[PDB]
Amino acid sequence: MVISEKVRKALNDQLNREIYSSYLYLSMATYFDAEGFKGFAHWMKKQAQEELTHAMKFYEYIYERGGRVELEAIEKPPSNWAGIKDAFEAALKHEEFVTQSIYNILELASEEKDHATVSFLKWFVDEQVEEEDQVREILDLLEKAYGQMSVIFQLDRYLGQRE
């Protein structure tokens, strides 16, 4: 009933993946801020804080199931992109990879019949749907602007209001 070390390792690896996710979004913030998109940058800082809450859910769960957390090195993220679209495409392909990693913990836990870990991951399975969708929606709004800066600047102001 205590977490297996194979499940404890998959959860710890995901915890460090959420930390890197946070750092990566802060890095996109540095980029948007340097390019004068203060709203996109604000959105990325809020997203970085939200990735830290994901990491700490894994953190607390590992300890509640009798495991222990080991923090690894965080690799230097990219710091520059070839435009707004290129940055949000990278966020999406990142989140699609995080989704796939969370599915892999789900399968592992379900094969081991670790019902509590399966239940825990259900929150993240569903949340990953919304994380991909919010990025996909921004990219669609950007695409639909075509080249029109007035529309792109409104998107900057819109995303800058994020709670």
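Each residue number is its position in the shown sequence, starting from 1.
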As the entry reports it, the stretch among 58 to 66 and 99 to 107 with higher mean C-alpha B factor is 99 to 107
Mean B factor on CA atoms, stretches 21 to 29 and 138 to 146, record says higher is 138 to 146
On the chain's distribution of Cα B-factors, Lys38 falls within the third called lowest
Among the modelled residues of its chain, the C-alpha B-factor of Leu52 falls in the third labelled lowest
Here the Cα B-factor of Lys6, set against its chain, lands in the third termed highest
Here the Cα B-factor of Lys122, set against its chain, lands in the third termed highest
Binned into thirds over the chain's modelled residues, the C-alpha B-factor of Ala116 lands in the middle
